[PDB]
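The figures that follow rest on heavy atoms only: side chains count, while hydrogens, waters and symmetry mates do not. Below, read A as the first sequence line, B as the second, and so on, with proteins coming before strands; counting in each chain starts at 1.
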Amino acid sequence: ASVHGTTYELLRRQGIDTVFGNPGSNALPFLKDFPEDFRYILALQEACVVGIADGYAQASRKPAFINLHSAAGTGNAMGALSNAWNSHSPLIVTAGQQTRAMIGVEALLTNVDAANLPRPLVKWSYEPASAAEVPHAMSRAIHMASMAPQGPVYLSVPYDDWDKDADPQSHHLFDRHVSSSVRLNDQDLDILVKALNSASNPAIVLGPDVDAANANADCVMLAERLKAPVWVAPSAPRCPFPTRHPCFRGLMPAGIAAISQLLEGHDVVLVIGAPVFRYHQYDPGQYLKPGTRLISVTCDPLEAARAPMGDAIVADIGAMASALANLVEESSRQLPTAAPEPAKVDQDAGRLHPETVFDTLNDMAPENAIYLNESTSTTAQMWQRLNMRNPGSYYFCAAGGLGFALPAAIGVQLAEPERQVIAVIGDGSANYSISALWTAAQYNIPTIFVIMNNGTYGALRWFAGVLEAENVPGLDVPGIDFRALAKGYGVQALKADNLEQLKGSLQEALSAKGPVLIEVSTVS
Amino acid sequence: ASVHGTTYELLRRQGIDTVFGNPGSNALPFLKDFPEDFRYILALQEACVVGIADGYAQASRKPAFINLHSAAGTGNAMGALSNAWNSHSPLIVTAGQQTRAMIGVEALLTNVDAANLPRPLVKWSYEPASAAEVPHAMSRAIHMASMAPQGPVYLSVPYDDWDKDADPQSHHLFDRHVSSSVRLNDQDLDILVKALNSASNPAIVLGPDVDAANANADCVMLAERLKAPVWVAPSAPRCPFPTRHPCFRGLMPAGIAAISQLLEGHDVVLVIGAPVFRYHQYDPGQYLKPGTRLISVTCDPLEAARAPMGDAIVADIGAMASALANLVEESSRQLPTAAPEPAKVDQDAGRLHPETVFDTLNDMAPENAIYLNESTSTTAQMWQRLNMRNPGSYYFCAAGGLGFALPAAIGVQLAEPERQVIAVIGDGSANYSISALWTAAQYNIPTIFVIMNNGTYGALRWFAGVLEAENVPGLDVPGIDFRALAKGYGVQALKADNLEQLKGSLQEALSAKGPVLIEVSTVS
Amino acid sequence: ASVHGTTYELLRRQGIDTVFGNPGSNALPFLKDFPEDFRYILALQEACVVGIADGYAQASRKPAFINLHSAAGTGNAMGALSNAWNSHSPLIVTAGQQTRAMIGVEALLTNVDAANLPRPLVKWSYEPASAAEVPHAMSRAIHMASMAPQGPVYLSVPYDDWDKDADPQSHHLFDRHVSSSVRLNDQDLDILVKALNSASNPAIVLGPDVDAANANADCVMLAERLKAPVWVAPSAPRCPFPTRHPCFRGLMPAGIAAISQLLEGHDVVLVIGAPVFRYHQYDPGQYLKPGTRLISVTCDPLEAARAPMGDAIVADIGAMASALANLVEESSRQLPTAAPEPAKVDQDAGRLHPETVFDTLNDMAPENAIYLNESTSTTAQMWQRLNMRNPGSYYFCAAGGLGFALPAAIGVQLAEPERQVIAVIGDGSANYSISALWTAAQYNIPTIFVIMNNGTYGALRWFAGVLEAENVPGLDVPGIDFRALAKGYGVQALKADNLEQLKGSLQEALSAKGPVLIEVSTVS
Ligand SMILES: Cc1ncc(Cn2c(C)c(CCOP(=O)(O)OP(=O)(O)O)sc2=O)c(N)n1
Ligand SMILES: Cc1ncc(Cn2c(C)c(CCOP(=O)(O)OP(=O)(O)O)sc2=O)c(N)n1
Ligand SMILES: Cc1ncc(Cn2c(C)c(CCOP(=O)(O)OP(=O)(O)O)sc2=O)c(N)n1
Ligand SMILES: [Ca+2]
Ligand SMILES: [Ca+2]
Ligand SMILES: [Ca+2]
Ligand SMILES: [Ca+2]
Ligand SMILES: [Ca+2]
Ligand SMILES: [Ca+2]
Ligand SMILES: [Ca+2]
Ligand SMILES: [Ca+2]
Ligand SMILES: [Ca+2]
Ligand SMILES: [Mg+2]
């Protein structure tokens with residue numbers, strides 16, 4: 001067998017059937033004879049390739065496979081890999097390298113010192129020392145991406161390796177099963193359960209690895225048993241809990257003092273599937289108030305090590321959430337009371353308040369819609385205004401790297417064809433990965449893109465205002481016609497300059513058979 | 001003085017007056033109070049930021065200064081840095097980091113292990129250990145980018161450093177002059193001159209560092225004295241010689257055997273300002289034929305070390321070219337005969353042959369036009385069909401990384417406001433950095449963009465044909481309306497479906513007062 | 001030809017004839033059939049291997065070739081490489097890797113991610129992608145080590161590559177000549193010469209790259225012409241000037257304020273072949289006083305970039321020193337007056353003051369002796385008390401890494417068989433690389449080792465005293481019998497408990513036919 005044939009067999013046997021890519025000559029011997037049971041999804045720039053694959057992996061809860069061209073293609077994707085690292089996204093990034101005979105002279109298209117290129121944003125990065133090693137290296141990549149804590153990996157493969165003979169002993173790779181589905185030993189688990197049962201005023205904080213594990217329902221059971229309020233850890237990449245459940249208390253503000261004050265009076269705070277914590281703004285103060293004990297369950301040693309407070313348990317989130325949900329006592333305390341309806345912001349017949357947009361989406365979208373957020377000045381209001389009952393309903397760039405949501409929404413929609421995806425993207429953010437729109441058109445992936453056009457990098461103008469920072473350049477982005485950009489890439493385009501038109505455009509978009517972009521004029 | 005004030009003083013004293021950027025919160029304390037004598041050039045994605053800065057640096061022959069946001073912004077620019085590394089572009093890449101107090105917890109927006117991120121594509125990469133070190137680190141960055149061999153450098157700066165007190169002793173940084181304007185010692189230079197004077201059939205090969213040094217005219221003198229044919233080294237990022245000079249022999253094919261055969265019978269081959277060699281295709285054979293001696297003059301130790309053949313001298317290209325041009329004898333051999341006119345390809349009233357496009361550009365464009373090439377299947381014909389008399393007239397992605405020419409053409413045009421820039425970009429290539437168009441519109445930088453629309457990644461289809469590789473996915477890019485994309489970003493848009501319309505559109509574009517995009521329907 | 005045969009041919013053709021090594025199985029296919037024209041020098045631990053090679057390279061002014069075993073052997077040598085980096089020592093470090101078929105499984109003896117292991121202490125670090133690349137990679141290593149600024153490089157080679165067929169086109173590697181023997185262009189050199197000729201009170205500071213270049217005599221001429229005092233840059237790894245020449249002013253103290261005060265009133269300070277500056281102690285103040293201009297000539301861009309003050313010129317030290325020495329005017333100012341005799345410290349009939357040891361060495365040793373210093377509390381007195389007339393007469397661990405001088409003295413003695421080497425090593429320092437003694441015995445390399453036994457890490461006790469730091473552990477090293485250690489490794493051993501015995505032992509040692517260790521009881 002060739003390295004090509006053995007590698008595709010390995011991929012298929014390991015459940016991979018899609019290649020997200022932007023092609024180049026170094027990968028031609030890999031892409032030729034492309035198997036009929038695989039699908040190739042082309043995107044026009046590598047940030048888009050990786051963002052699409054990332055959304056697909058996150059929504060499908062399975063690894064996604066990528067093929068890029070050399071250093072330039074890898075390089076173009078490195079901002080996307082920063083997000084993938086923070087979201088624990090299981091991405092297998094392969095990159096075509098020059099033929100081994102041309103590497104020493106540093107021929108054009110050579111990826112110099114290739115494995116160092118994507119560091120520090122990958123779990124594992126490698127170039128095999130021989131062609132016959134390639135299937136084994138691919139196996140390593142699959143499992144490194146897939147083991148807890150999941151994350152992106154990188155494999156560089158010389159052009160000429162594919163046609164070479166594989167090791168017949170590579171068949172042993174095909175059906176390997178590798179599990180990290182582990183939970184705390186019984187003795188120490190019983191000690192934790194007892195501490196939860198004994199808490200007088202517990203609280204729960206949930207992060208993105210809950211949603212990745214589909215541990216949401218187990219966390220609902222846990223919260224109901226403990227009669228505990230539930231917060232989403234700050235800077236949330238995903239939504240881990242039904243947002244109209246009576247225990248839900250919303251998104252924690254990303255500040256040290258803000259969080260310890262929210263947690264004050266809670267004697268035990270159980271954090272599941274989050275870093276402790278993904279703070280953002282400078283908000284100095286106490287990590288916890290006196291009287292609060294924190295216990296973190298994380299899938300990631302690097303998270304456990306860096307928490308500034310609390311105990312930690314490093315284990316699989318799904319296995320821990322299921323165990324805890326089934327072992328805790330039913331508390332006799334009263335269930336928390338649901339948060340009220342948010343207020344309706346007054347809206348005239350002019351430009352749209354963001355709040356109006358989110359209220360209208362919540363009203364009109366299917367109850368199993370999936371939202372993406374890259375509208376950076378409006379996140380808090382979005383989280384208060386969307387009723388998201390189901391898992392897998394929300395994604396936000398986990399490293400704050402713009403250019404995620406537009407391509408990721410395409411990958412999520414590909415993963416979840418029955419669930420309408422609605423990406424709410426600022427006018428600034430929309431440009432980073434604009435060319436991803438083409439993939440939605442070409443493959444008829446019916447994502448809806450809602451562009452929040454306020455003319456500015458509003459979150460930066462706001463921050464500059466908080467600082468009283470004057471004379472800051474580069475904060476405005478006038479003069480972008482998003483309907484023309486959508487036409488450029490073959491996506492149906494609508495506008496909404498007022499609420500009547502927003503409702504009209506949403507109605508049209510929700511019934512369309514293809515992707516649709518709606519440019520919304522929002523208050524600036 | 002603050003670190004902010006001292007750093008801007010250092011930059012101004014070192015000749016920097018422009019910041020190419022995409023802003024973020026980590027850089028707000030750097031960008032606030034932006035000096036009135038500086039200009040900020042915003043671009044919408046970091047590949048575009050760096051490509052614009054790169055064109056500006058390459059054309060201006062001086063360092064360009066960049067400011068990006070954290071890991072995601074840096075990451076989005078890493079494909080652009082792959083090109084900058086290969087072109088020896090003096091780029092000072094700064095990236096905003098989190099406040100030092102929030103780095104340990106890995107707050108959102110922290111650039112983890114920041115200095116490793118852009119490796120291996122930078123000459124120097126650093127994060128200072130204290131605020132007062134920042135001006136010194138900036139000095140290091142300026143000089144590392146600027147010393148031969150020039151190249152990109154990276155500096156990560158925590159948010160909170162800018163407002164801190166600077167070291168008063170940082171004034172010693174302001175006026176440092178650092179020179180690498182060096183040439184071979186007299187004794188060994190005389191030995192080289194004697195070998196050149198004694199050669200019976202010399203040839204000269206020139207690379208991009210000649211044009212970077214503005215050594216072009218000295219190389220013309222050298223070639224005339226030696227009566228030597230002159231080739232451009234393969235995969236050429238720049239044009240180092242007048243392309244209708246009688247000695248000019250064009251672009252070398254990027255193959256081992258092809259080059260040794262071209263050089264056969266030449267007893268001494270003098271290579272100046274190129275790697276030996278930037279081969280591309282697999283073309284195995286002899287590095288040199290018997291009877292050919294190669295001598296390389298390079299500004300880059302890494303080039304000298306990796307050449308598979310020949311002697312080398314590591315020195316400044318400008319200083320070596322001037323010395324050699326003035327020291328060699330005038331040979332009594334006959335001057336080489338100019339290459340003939342290329343043939344005119346037959347052209348019907350339909351879609352344009354690329355050859356027709358280049359012939360028409362050569363006819364219509366000013367004699368001091370500057371061309372960029374990212375039309376990958378047409379490079380050989382472009383090089384034969386454009387009379388480029390002047391230095392600084394040609395740029396091509398030096399690492400083969402697409403997404404260079406569109407933004408770089410904007411930066412070149414900004415550097416050279418009196419010289420009409422014409423970027424010839426394939427339909428595939430145009431997408432990688434499409435959003436750069438906006439910068440041209442916003443700042444009214446009057447670049448002309450000629451999109452070669454053949455519907456495909458033609459260079460890849462061709463290669464697949466050479467291989468007889470079947471069933472390769474992802475090679476076609478139908479369904480892109482480049483006039484709509486140009487409208488999206490505020491750039492005047494024209495079409496050319498036939499030669500009459502090409503001439504009409506070029507006439508209109510050449511007289512426009514702003515940037516213009518022309519979508520050309522080319523034979524596929 | 002095999003890779004083995006081609007590689008040894010390359011090494012011989014490039015002037016390499018000695019392999020400094022500690023063997024292992026991964027290197028057996030390299031070491032077998034060891035050519036009869038090469039010599040292998042075994043040392044018992046890899047810090048010793050590299051230190052011996054380093055002394056040999058520094059004294060011989062040519063690259064030295066090393067072979068180590070995998071990661072553990074490389075790792076054991078990394079402290080030695082820290083010194084080699086700071087001394088610009090041209091060291092070609094090769095390390096045996098596992099067979100390519102066993103690398104993926106990470107068999108015992110695999111060097112994982114090998115090229116990253118010695119970073120950041122090497123100029124270039126690499127593992128070839130195929131066997132036939134190995135000769136080319138070796139060529140790269142030779143030239144990278146040898147080009148200015150010289151330094152250590154690393155090459156990892158899989159076991160199985162050696163027996164494979166080489167590329168016949170690797171013959172083009174054999175006789176490559178690569179030069180970095182460059183100096184400032186004439187126009188700018190004339191500007192520098194004019195500034196030197198116009199200075200009213202110039203001073204000269206010289207660093208180790210002067211001695212490496214054998215630029216010493218040119219610097220003497222330069223100093224005599226300019227009538228300038230000459231200092232050695234701080235933390236000196238080498239001696240660049242005759243220490244009883246009338247211009248000589250000794251070793252600069254390694255502090256910021258101390259140096260600017262020494263330079264006060266000097267209008268132009270010319271630094272040659274040094275960093276600006278290798279400060280050590282915290283001594284804050286002005287980098288230069290008002291009225292002092294500094295101009296640095298350095299072979300190292302990294303030095304030029306990081307200087308906090310002054311202009312810089314990056315060029316070959318030998319070529320610049322020769323040019324400047326021959327171009328400056330003869331000043332009419334008076335020649336500086338020689339420094340007086342240092343005082344004689346009162347010495348009773350008991351333990352030896354270090355000053356007494358150095359005075360006695362200066363009296364008794366041949367005028368062409370070579371000294372090494374790893375007696376860290378006595379450096380200033382050593383520099384004042386040894387008349388070192390000739391180049392190549394002094395070495396001190398350039399990164400401050402102990403374990404250098406004992407092995408390096410063996411390599412220096414091997415390089416310079418006619419010059420008696422005398423290594424003055426503290427009792428603490430002697431242990432780091434103690435096993436190097438064996439190599440001197442086995443090869444009968446007649447180095448003299450003078451162990452300064454004060455029972456302590458005296459430089460650390462002194463520093464702790466300056467700080468008034470109490471309760472510091474680990475500063476004393478009682479209970480070491482250096483004569484027994486010398487016997488252990490087959491080296492003749494002497495003691496000196498008083499001055500009479502010191503003179504007796506030195507007399508015996510100087511006339512011995514083999515290496516000799518003298519344990520001196522020094523005042524503590
Ligand atoms: C790749 C990248 N570049 C720059 C930024 C900095 N950035 C920028 C540029 C923001 C403004 C986004 O503007 P928008 O129009 O998408 O949304 P708002 O107007 O609601 O802020 S928010 C933010 O962190 C980033 N996070 N990621
Ligand atoms: C960033 C990046 N991604 C992918 C490639 C691979 N690539 C691709 C995708 C090419 C086709 C470009 O198509 P085009 O339409 O711009 O021009 P032609 O149709 O004339 O080839 S040529 C080439 O090397 C690359 N070099 N750089
Ligand atoms: C490898 C290494 N380890 C530790 C040190 C720290 N160190 C130590 C341990 C010194 C004392 C050396 O003691 P000595 O006996 O050799 O000489 P003195 O008694 O004259 O100080 S000086 C110094 O910097 C070092 N520089 N290098
Ligand atoms: Ca409602
Ligand atoms: Ca699915
Ligand atoms: Ca906005
Ligand atoms: Ca014509
Ligand atoms: Ca200009
Ligand atoms: Ca095309
Ligand atoms: Ca004396
Ligand atoms: Ca010798
Ligand atoms: Ca001691
Ligand atoms: Mg990296």
Discussion item. Quick check: do B:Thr376 and B:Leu402 have side-chain heavy atoms less than 4.5 Å from each other?
Written reply: yes
Worksheet item: Given side chains that start at C-beta, do those of B:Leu91 and B:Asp54 come closer than 4.5 Å, heavy atoms only?
Response: yes
Worksheet item: B:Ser180 side chain to B:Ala148 main-chain N or O, any donor-acceptor pair under 3.5 Å?
Response: yes
Discussion item. Students often mix this up, so state it plainly: with edges at 30° and 60°, are the rings of B:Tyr56 and B:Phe20 parallel, tilted or perpendicular?
Written reply: tilted
Worksheet entry | Under 3.5 Å donor-acceptor, B:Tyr279 side chain and B:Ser235 backbone | no
Discussion item. What I want to find out is whether B:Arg61 reaches B:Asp211 closely enough, with some N-O distance under 4.0 Å, to be called a salt bridge.
Written reply: yes
Worksheet item: In terms of the angle between their ring planes, are B:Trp383 and B:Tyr394 parallel, tilted or perpendicular, with boundaries placed at 30° and 60°?
Response: tilted
Practice prompt. Show your reasoning for whether side-chain contact (heavy atoms from CB on, under 4.5 Å) applies to B:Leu81 and B:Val93.
Written response: CA-CA 10 Å; B:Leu81 291 174; B:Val93 183; 4.0 Å; yes
Worksheet item: To the nearest 0.5 Å, how far apart are OG in B:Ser89 and CZ in B:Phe404?
Response: 6.5 Å
Fill in: Neighbour count >12 (heavy atoms, 6.0 Å) for atom CE, B:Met221
no
Discussion item. Nearest 0.5 angstrom please: B:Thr447 OG1 to B:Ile445 CD1, how far?
Written reply: 6.5 Å
Fill in: B:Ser125 (side chain) donor-acceptor with B:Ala115 (main chain) under 3.5 angstrom
yes
Item to complete: Could you walk me through whether B:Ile422 and B:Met364 pass the side-chain contact (heavy atoms from CB on, under 4.5 Å) test, one step at a time?
Response: CA-CA 11 Å; B:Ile422 306 174; B:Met364 295 185 69; over 6 Å; no
Practice prompt. Would you check if B:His88 and B:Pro149 make a side-chain contact, meaning some heavy-atom pair closer than 4.5 Å?
Written response: yes
Worksheet item: Between B:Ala319 and C:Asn185, what is the shortest heavy-atom contact and its length?
Response: CB-CB, 4.4 Å
Fill in: Which residues share a ring-ring contact (aromatic ring centres under 6.0 Å, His included) with B:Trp85, sequence neighbours left out
none
Fill in: Spacing of C:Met144 atom CE and B:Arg306 atom CZ [to the nearest 0.5 Å]
10.0 Å
Practice prompt. Could you verify whether a donor N or O on one side chain and an acceptor N or O on the other, from B:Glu224 and B:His245, lie under 3.5 Å apart?
Written response: yes
Practice prompt. Spell out, as yes or no, whether a donor-acceptor pair under 3.5 Å connects the side chain of B:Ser435 to the backbone of B:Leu44.
Written response: no
Discussion item. For a quick test of reading the model, state the closest non-hydrogen atom pair linking B:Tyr371 to B:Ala365 and the distance between them.
Written reply: OH-CB, 3.3 Å
Worksheet entry | side-chain contact (heavy atoms from CB on, under 4.5 Å) assessment of B:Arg419 paired with B:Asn390 | CA-CA 11 Å; B:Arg419 295 187 62 188; B:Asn390 301 289; 4.0 Å; yes
Discussion item. Tell me the closest heavy-atom pair linking B:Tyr395 and B:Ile370, and the distance in Å.
Written reply: CE1-CG2, 3.8 Å
Fill in: Centroid-centroid distance, B:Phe65 to B:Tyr40, less than 6.0 Å
no
Fill in: Audit row: B:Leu414, B:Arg39, side-chain contact (heavy atoms from CB on, under 4.5 Å) steps and yes/no
CA-CA 12 Å; B:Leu414 185 68; B:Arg39 184 174 23 94; 3.5 Å; yes
Discussion item. Once rounded to the nearest 0.5 Å, what's the spacing between atom CG of C:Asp311 and atom CG of B:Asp175?
Written reply: 9.0 Å
Worksheet item: Where the side chain of B:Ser433 meets the backbone of B:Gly403, is there a donor-acceptor pair that is under 3.5 Å apart?
Response: yes
Discussion item. Please identify which of these residues, B:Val421, B:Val424, B:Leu406, meets the side chain to side chain contact (heavy atoms under 4.5 Å, CB included) condition with B:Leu372.
Written reply: B:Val421
Practice prompt. Answer yes or no: is there a side-chain heavy-atom contact under 4.5 Å between B:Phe248 and B:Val232?
Written response: yes
Discussion item. Rounded to the nearest 0.5 Å, what separates atom CZ in B:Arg12 from atom OG1 in B:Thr7?
Written reply: 11.0 Å
Discussion item. Any donor-acceptor pair under 3.5 Å linking the side-chain atoms of B:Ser322 with those of B:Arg183?
Written reply: no
Worksheet entry | From C:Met309 atom CE to C:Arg293 atom CZ, the distance as rounded to the nearest 0.5 Å | 13.5 Å
Practice prompt. Measure the shortest side-chain to side-chain distance between B:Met138 and B:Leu155 over non-hydrogen atoms and say whether it is less than 4.5 angstrom.
Written response: yes
Fill in: Nearest atoms (heavy-atom pairs only) where B:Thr439 meets B:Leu42
OG1-O, 2.8 Å
Worksheet item: Below 4.5 Å, heavy atoms only, C-beta onward: do B:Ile142 and B:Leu10 meet side chain to side chain?
Response: yes
Worksheet item: With distance as the sole test, does B:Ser179 use its side chain to make a donor-acceptor pair with the main-chain N or O of B:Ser181 at under 3.5 Å?
Response: yes
Practice prompt. Check whether any side-chain heavy atom of B:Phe396 sits under 4.5 Å from a side-chain heavy atom of B:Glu374, and report yes or no.
Written response: no
Worksheet entry | Minimum side-chain heavy-atom gap B:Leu222-B:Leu270 below 4.5 Å | yes
Item to complete: Please answer whether the main-chain N or O of B:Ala84 pairs with a side-chain N or O of B:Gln58 as donor and acceptor at a distance below 3.5 Å.
Response: no
Worksheet item: Can you name the closest pair of heavy atoms from C:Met147 and B:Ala305 and give their distance?
Response: CE-CB, 4.0 Å
Practice prompt. Examine distances only and state if a side-chain atom of B:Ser170 and a backbone atom of B:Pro135 form a donor-acceptor pair shorter than 3.5 Å.
Written response: no
Item to complete: Mark yes or no for whether B:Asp316, through its side chain, and B:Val182, through its backbone, hold a donor-acceptor pair below 3.5 Å.
Response: no
Discussion item. I'd like to know if the side chain of B:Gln14 reaches the main chain of B:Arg176, judged simply by a donor and an acceptor atom lying under 3.5 Å from each other, with no hydrogens or angles considered.
Written reply: yes
Worksheet item: Of the non-hydrogen atoms in B:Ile272 and B:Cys219, which two are nearest, and what is the gap between them?
Response: CD1-SG, 4.3 Å
